[PDB]
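Undergrad:
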Ligand SMILES: N[C@@H](Cc1c[nH]c2ccccc12)C(=O)O
Ligand SMILES: N[C@@H](Cc1c[nH]c2ccccc12)C(=O)O
Ligand SMILES: N[C@@H](Cc1c[nH]c2ccccc12)C(=O)O
Ligand SMILES: N[C@@H](Cc1c[nH]c2ccccc12)C(=O)O
Ligand SMILES: [Mn+2]
Ligand SMILES: [Mn+2]
Ligand SMILES: [Mn+2]
Ligand SMILES: [Mn+2]
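Protein chains in written order, with UniProt numbering: chain A, 16 to 462; chain B, 16 to 462; chain C, 16 to 462; chain D, 16 to 462.
1) Cβ of residue 87 (chain C) within 8 Å of any heavy atom in ligand 7?
2) Would you call the stretch 426-436 of chain C and the stretch 402-410 of chain C touching, i.e. three or more CB-CB distances under 8 Å?
3) Could you compute how far the alpha carbon of residue 316 (chain B) sits from the alpha carbon of residue 121 (chain A)?
4) For residue 182 (chain B), count the other beta carbons within 10 Å of its own beta carbon; 16 or more makes it buried, fewer makes it exposed. Which is it?
5) For the beta strand (DSSP E) holding residue 406 (chain B), just list the boundary residues, first then last.
6) Quick one, which of A:104, A:152, A:116 and A:214 has its alpha-carbon nearest residue 193 (chain A)'s?
7) Among the candidates C:20, C:440, C:346 and C:439, whose CA atom is the shortest distance from the CA of residue 314 (chain C)?
8) Tell me the DSSP secondary structure of residue 292 (chain D) in three-state form.
9) For residue 259 (chain B) and residue 173 (chain B), what's the separation of their Cα atoms in angstroms?
10) Less than 6 Å between C-beta atoms, sequence neighbours within five positions excluded: which residues of the same chain meet that for residue 244 (chain D)?
11) Could you please give me the residues that DSSP links to residue 335 (chain B) through a beta bridge?
12) Residue 83 (chain A) lies in the beta strand (DSSP E); which residues open and close that run?
13) Compare the beta carbon distance of residue 274 (chain D) and residue 59 (chain D) with 9 Å and say whether it is the shorter of the two.
14) Would you tell me roughly how many angstroms separate the C-alpha atoms of residue 311 (chain C) and residue 191 (chain C), rounded to the nearest one?
15) Between the stretch 161-182 of chain B and chain C, which residues of the former have a C-beta closer than 7 Å to a C-beta of the latter?
16) Is DSSP giving residue 254 (chain A) helix, strand or coil here?
17) What is the DSSP secondary structure of residue 246 (chain D), counted as helix, strand or coil?
18) Please list, in chain order, the residues of the stretch 217-243 of chain B that have any C-beta partner in chain A closer than 7 Å.
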């Protein structure tokens with residue numbers, strides 16, 4: 016494989032860096048897997064990434080909203096036609112309500128087609144066997160057989176990735192992204208929800224807006240379909256470097272993209288300034304997210320922003336606040352002020368999930384719904400008060416009727432958790448609770 | 016002028032009938048005026064009349080609403096670019112609010128381009144001189160000079176008619192019928208109205224529906240312009256018979272239209288079954304209205320419906336209830352039941368104007384706003400209860416800030432009337448009071 | 016009537032100038048006619064004039080073509096629904112063929128709604144009576160009764176003007192401007208033309224382009240209707256000054272328009288630099304044409320261009336070459352070179368009509384078809400060679416099957432002329448010969 | 016896996032049948048591969064198959080054309096982003112020319128995402144090792160190691176299938192299916208082709224039709240993108256039965272689809288009436304093709320049509336004539352007459368490839384371009400003469416500059432073949448020769 020140009024100087028340097036949360040496995044074998052994946056069809060194409068950069072610039076400048084979400088960890092087992100549908104459906108069903116509430120174009124990103132690699136686990140498990148690190152590295156089975164790290168799982172992940180994107184592209188053009196269809200499903204929610212009497216205000220109001228549209232004779236070019244972009248945490252060195260492709264923009268302008276997804280994002284753990292991922296990200300032309308915890312100082316946030324967005328292109332960087340309901344109001348404002356002052360129009364995104372994960376006195380780990388909302392509530396209160404733009408959210412959900420998060424309209428308590436708990440990692444929002452979340456965030460976008 | 020076909024047998028018979036409310040003037044002179052007008056360009060064309068019949072069929076079958084209105088009597092003096100604009104603007108500004116409220120296509124008919132002839136006056140005035148009978152017959156001046164009946168005023172009316180339609184067609188294609196522009200004017204009303212705090216519920220709600228439209232990327236083909244159809248009372252024999260033209264529909268299918276307007280309507284006074292107008296109307300292929308008072312018996316309403324709609328074409332006949340706020344609930348239901356049972360899908364239209372005209376203990380004649388609303392309120396209460404469709408309304412308004420009707424948000428009382436009173440005949444709704452009327456009728460269409 | 020602003024200084028000065036080709040009539044009476052017409056609805060509105068300026072800028076910059084034409088002189092007698100249709104139809108039927116040939120948007124201007132005033136006649140007739148000077152001044156009858164100059168004919172002209180524009184606006188929205196309909200009529204021409212075997216190349220080719228359009232599933236938003244703008248020679252002082260209106264553009268920017276038409280043009284006779292019309296034209300914000308004969312020197316053409324286009328707004332001025340088939344190649348190139356060099360992007364338009372008018376040894380006056388074509392042929396040869404843009408043409412035609420011009424596919428000779436000759440002034444192209452002209456000009460636009 | 020309903024009775028019976036051209040491999044292993052593939056995301060979805068049935072009905076009824084084609088056998092090695100692009104590009108580049116020529120919607124089907132299984136080889140090779148039977152069964156390497164039959168290759172094929180469809184869906188929405196872009200590439204062909212002077216007639220003509228489109232202001236909703244459907248020969252029992260899914264149409268109407276592709280087709284070898292494939296095909300709701308050789312008798316063609324299209328749904332069956340240039344005119348007409356008479360509106364498709372395969376006196380096997388054209392030439396001559404509709408073609412091509420077929424504009428002779436020959440099986444058309452084929456078939460569609 017020959018060199019690009021002046022990137023090779025930078026690329027070699029980028030490999031040199033340490034990478035946290037890597038898998039331990041055979042190197043000679045993993046290099047073969049990579050050189051296989053160096054020639055496959057990509058999951059996405061450069062023009063679609065450009066389209067997302069342009070749409071993400073509008074989010075950065077107050078003209079659009081960002082809905083990101085899906086499974087915490089995709090599993091090969093769960094990557095099926097019925098499950099993918101339900102995630103797409105709930106993502107869209109939310110997006111119609113946020114579109115109305117925000118009075119702006121919602122951009123739909125998804126945790127899909129790549130979100131396999133997982134860091135959150137401690138380095139070793141009880142019983143002396145390695146713990147689950149995603150179906151791209153090892154199996155969920157609690158046996159030394161399955162938990163052994165396997166480079167071949169990278170090809171299985173690429174397979175399952177291209178399967179899922181092929182399906183969302185089909186599902187979206189085939190009209191599960193029909194606007195009238197989605198709102199008819201949202202009435203079925205509000206009618207059959209316990210706390211739907213609260214939300215029926217906005218339900219009727221969206222109903223009216225749609226009937227008004229048809230009354231004005233508005234030709235349904237844009238109403239039959241959507242665009243669901245895709246994303247995952249760029250965790251794994253060999254997989255993400257294998258998906259590097261070299262596109263040539265208009266007038267022969269050459270660039271370097273990671274086409275494993277439209278948008279890649281960096282996690283809390285692999286966040287070092289002189290580590291692989293932040294240097295990888297700054298080299299690739301994709302839009303980029305970056306998770307940010309309470310331990311962030313505004314000094315560091317400006318440092319990230321300078322490296323990841325070195326040309327002040329609005330929407331290139333998303334900064335994903337995940338801080339807990341209590342510490343969001345306190346920590347965030349200083350970060351924004353410093354970042355905005357430095358001349359960077361980033362997308363401010365709320366992740367009210369990975370802040371509020373607590374062990375539920377029941378074996379299982381959960382998040383309380385009321386606390387999840389309260390982090391977003393505070394995320395807006397900071398933006399309203401400072402006079403900056405709430406760019407988006409980054410929730411974790413599923414389209415199955417599962418009981419993993421407490422509270423909500425359903426009244427899910429400690430005792431309800433073992434009844435159905437299908438998640439490979441962090442606890443996801445119930446279908447009921449995902450829609451319910453959107454309606455509340457809509458109300459916050461209005462006021 | 017040669018004969019059409021089997022129509023000539025019927026046409027001769029139609030002339031034979033007596034016509035009420037005619038002008039007394041020279042016959043030889045008036046026949047020359049007619050034979051001049053027999054060759055001019057028509058005010059409208061057959062294909063547009065067909066378009067209205069098709070759209071009026073949708074009103075008859077519950078799928079659309081009918082907004083009709085404008086000046087009571089157009090005057091040559093008042094037929095000016097600024098006045099016509101303001102009437103068009105308020106007609107459209109209403110139509111956007113009714114469209115939202117009804118959740119259906121509003122069809123916009125106007126009292127314009129022909130509404131000159133006037134019957135309401137008693138046959139002779141005080142002082143022994145003839146009274147005003149519209150600028151198509153005589154002048155407003157109180158002198159035996161001006162009040163003399165003049166056949167030449169028919170050509171002056173045709174001139175002023177083609178002037179006004181030429182302007183609405185231009186105004187509508189030029190973008191005074193822009194949907195975003197109209198609602199921006201409606202916010203200026205609700206902000207600057209006294210009782211706008213009541214209406215700001217629906218104002219924000221329409222605002223949201225429009226921002227939602229732009230958020231969904233909806234291409235503005237249908238949003239920049241409208242269609243304002245035109246109408247007048249077919250009062251005058253010589254003028255309406257001069258505008259008879261013979262069109263040939265698809266596959267050479269020949270028909271006879273009165274192209275003085277898109278839709279002609281019959282008044283309370285010239286309503287006889289064996290009089291000129293009802294026989295004229297049944298011969299012409301235009302859509303047709305018919306005014307109906309408290310003295311109507313359901314027996315007669317079915318007789319009209321049989322003659323005017325002899326082929327059960329839905330939307331061909333409109334039946335215009337004008338009965339007073341008190342007698343609307345009582346008289347109407349029996350008429351609908353009999354008409355619906357006879358197998359006629361007419362358009363049920365409310366005229367809350369020509370029922371409630373009372374002399375205002377001030378010289379001038381007025382209508383009270385609260386009473387006008389209450390006739391429409393009852394018009395809906397009858398339809399809601401019977402389970403039939405409220406097809407439309409037929410208000411009289413102007414786009415000038417005039418004080419002719421009492422009540423409203425403005426608090427217009429007896430003493431306010433002489434301050435500005437520009438109407439040639441019946442008292443019209445203030446700009447403020449026309450918009451205010453629409454918002455209330457919207458609220459009635461929802462519930 | 017109060018003053019505009021700094022225009023009044025200029026307006027007074029503009030009146031002061033002598034005006035050629037005026038009518039002699041009562042001044043006190045003509046001032047009443049003018050003060051009547053000062054308050055009527057205009058024939059057009061400012062936003063439509065702005066739209067034309069923007070579209071005419073595209074013609075000036077090589078991106079569009081200009082089709083102007085219609086009757087030489089409209090007559091009140093001829094201003095009828097059937098005649099107007101046929102002129103509109105042939106104007107559009109031409110425009111589809113020119114659109115294809117030019118591979119650009121054709122802009123459709125018409126000699127309609129105002130083209131009554133006529134200058135071409137000598138000042139006095141034989142028999143001592145005044146000669147015909149258009150239905151806006153006097154009648155066609157050869158009697159001292161009718162030929163007397165009548166200010167009231169200005170109001171009759173305004174009436175007939177608003178009649179005709181009301182009809183074209185209706186005819187155009189009602190779908191006589193349907194693109195598939197027009198080409199089906201053009202096949203009927205080519206099939207039934209004698210020389211149609213020459214033109215059937217381009218006929219099939221346009222047929223293919225339309226079927227291709229429907230094959231590509233192209234939504235028919237733009238295909239059902241057109242925009243026919245309107246024009247006349249601004250000849251008559253009192254009529255054109257009566258139609259002056261004051262519009263306020265975006266952000267309250269005030270301007271002065273003559274809304275008797277969209278585009279006014281100046282004739283050969285009333286062309287003086289310090290005469291009324293050139294000073295009138297430079298004061299009004301309308302787009303402007305100017306007729307130009309062989310006697311023009313490039314020195315003068317630059318002088319006109321400086322006065323009429325004082326801000327170098329492209330498309331504001333059209334320069335209408337009418338020079339004869341022989342003298343077009345010789346006279347024109349020097350005019351273009353000087354005008355282009357001076358920094359003026361005007362529209363170069365060919366008028367192959369008013370150059371080639373000769374008395375036909377038969378009483379009547381005619382133009383030979385082959386000579387008419389040859390002036391356009393040379394008009395293109397000049398532009399092809401110089402490398403400038405042929406902006407448009409300015410033919411005179413009618414949609415009746417009349418025999419006024421010699422030659423063509425029909426083989427019209429001297430003896431054929433009295434069979435049907437309906438023109439009030441210059442000889443117009445036959446329906447057959449108008450379409451035939453377009454096909455040839457299309458072939459010239461390709462090569 | 017539970018039963019559908021009354022299908023299970025029929026499904027069991029369908030398995031019972033013998034299947035020709037199957038692979039010999041471990042059954043227990045191959046059943047695991049199948050039960051894995053029973054739960055994956057499908058390559059396509061039911062609504063898209065319905066869309067194709069509706070579009071294929073229009074082809075059957077003379078309103079549309081069918082362009083099918085691509086690689087003869089896809090190889091995992093060749094299934095790459097650059098190769099897939101070039102095939103898509105040439106498929107579309109052809110489709111624009113056929114769309115114009117046919118004056119109808121071309122429907123674009125592709126040999127992609129599944130076309131791995133191959134029957135054409137004799138049962139055993141020289142050297143005693145098994146011969147190549149497609150990357151879904153074994154490898155191209157000439158070693159007993161690689162040629163061993165491997166059930167795991169079914170999962171590798173599904174992986175590579177979902178990879179490729181994910182890419183065409185992306186490539187098509189991203190604007191490699193832009194109509195103006197494709198024709199700009201077609202001018203580069205005609206300019207740089209040797210025999211392009213023949214084709215420049217239609218090249219300019221398509222250029223004109225596109226400029227005309229932009230001149231008419233036609234909004235580019237439909238012009239930026241296309242729909243490329245997908246197909247392969249349903250050869251392999253375990254793979255096709257694994258992709259059976261159960262969809263529920265509008266109003267809960269249940270059906271059974273094979274979602275390995277949009278359209279499956281049956282080969283010459285596996286064509287028996289009581290064999291697996293014809294009974295499989297008749298059970299699945301997909302549209303269906305069927306290859307047909309010279310040995311077909313009209314008696315049999317009606318028998319097929321009765322079984323495969325048991326409800327006379329037009330466009331459900333495609334009948335693919337592959338007969339050789341000589342025997343096409345002779346054999347075909349009798350088949351059509353009998354089929355049309357039986358009341359079946361099938362799609363008549365020409366496969367001018369698998370008839371004319373001859374060994375090229377050079378080791379390699381080839382087809383002559385002039386002979387390939389002549390089979391289509393005769394295919395049309397039969398339809399023109401009989402007065403039936405030429406529904407489509409089924410060529411085999413690639414977007415690489417390869418030398419596998421003789422003749423064409425390039426002048427490829429025997430000596431040119433080894434220079435570049437990349438095909439795993441039958442010889443494909445050069446990029447130059449694929450475009451050139453389309454232009455000629457366009458000319459045949461006109462006359
Ligand atoms: N195409 C528009 C409108 C739309 C269609 N389906 C949607 C579903 C959700 C939100 C918006 C939409 C958009 O993507 O915004
Ligand atoms: N053209 C649509 C929408 C529209 C445009 N302008 C309007 C003004 C009022 C109501 C609706 C409209 C209609 O006539 O209904
Ligand atoms: N609306 C487009 C296309 C069109 C419709 N009717 C036409 C008649 C002639 C030429 C073009 C057209 C235009 O005005 O150009
Ligand atoms: N969308 C239309 C037009 C079109 C777009 N791209 C194309 C490429 C080829 C042929 C047609 C098209 C179609 O599929 O037919
Ligand atoms: Mn998580
Ligand atoms: Mn009245
Ligand atoms: Mn002339
Ligand atoms: Mn083959």
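A virtual CB, placed ideally from N, CA and C, is assigned to each residue, including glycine.
TA: According to the structure shown:
1) On the third chain, position 72 is the one that residue 87 (chain C) refers to. A distance criterion of 8 Å places the beta-carbon of residue 87 (chain C) in contact range of ligand 7, judged by its closest non-hydrogen atom.
2) The stretch 426-436 of chain C vs the stretch 402-410 of chain C: no contact.
3) Taking the first residue of the second chain as position 1, residue 316 (chain B) is located at position 301. Taking the first residue of the first chain as position 1, residue 121 (chain A) is located at position 106. Rounded to the nearest angstrom, the gap between the Cα atoms of residue 316 (chain B) and residue 121 (chain A) is 54 Å.
4) Stepping through the second chain from its first residue, residue 182 (chain B) is reached at position 167. Residue 182 (chain B) sits buried, since 16 or more C-beta atoms from the chains shown fall within 10 Å of its C-beta.
5) For this step, residue 406 (chain B) is matched to residue 391 along the second chain. If you look at residue 406 (chain B), you'll find it in the beta strand (DSSP E) that goes 405-411.
6) Locating residue 193 (chain A) in the first chain gives position 178, counting from the first residue. When each option's Cα is compared against that of residue 193 (chain A), the closest is A:104.
7) The residue labelled residue 314 (chain C) in the question sits at position 299 within the third chain. Nearest C-alpha to residue 314 (chain C): C:346.
8) Numbered from its first residue, the fourth chain carries residue 292 (chain D) at position 277. If DSSP states are grouped into helix, strand and coil, residue 292 (chain D) belongs with the helices.
9) Residue numbering aside, residue 259 (chain B) sits at position 244 when the second chain is read from its first letter. Residue numbering aside, residue 173 (chain B) sits at position 158 when the second chain is read from its first letter. CA-CA distance, residue 259 (chain B) to residue 173 (chain B), rounds to 14 Å.
10) Indexing the fourth chain from 1 puts residue 244 (chain D) at position 229. Cβ neighbours of residue 244 (chain D) within its own chain (closer than 6 Å, five residues either side excluded): 67, 124 and 277.
11) On the second chain, position 320 is the one that residue 335 (chain B) refers to. In DSSP, residue 335 (chain B) forms a bridge with B:306 and B:364.
12) Within the first chain, numbered from 1, the residue matching residue 83 (chain A) stands at position 68. Boundaries of the beta strand (DSSP E) harbouring residue 83 (chain A): 80-85, taken from the DSSP string.
13) The residue you call residue 274 (chain D) lines up with position 259 of the fourth chain. The residue you call residue 59 (chain D) lines up with position 44 of the fourth chain. Yes, they are a contact pair.
14) Stepping through the third chain from its first residue, residue 311 (chain C) is reached at position 296. Stepping through the third chain from its first residue, residue 191 (chain C) is reached at position 176. Rounded to the nearest angstrom, the two C-alpha atoms are 40 Å apart.
15) When C-beta distances to chain C are compared with 7 Å, the residues of the stretch 161-182 of chain B below that value are 174, 177, 178, 179, 180, 181 and 182, in chain order.
16) Taking the first chain and counting its residues from 1, one reaches residue 254 (chain A) at position 239. Note: residue 254 (chain A) maps to helix in three-state DSSP.
17) Position 231 of the fourth chain holds residue 246 (chain D). Three-state result, residue 246 (chain D): strand.
18) Listed by position, the residues of the stretch 217-243 of chain B near chain A (Cβ gap below 7 Å) are 220, 223, 224, 226, 227, 228, 230, 231, 232, 233, 234, 236, 237 and 238.
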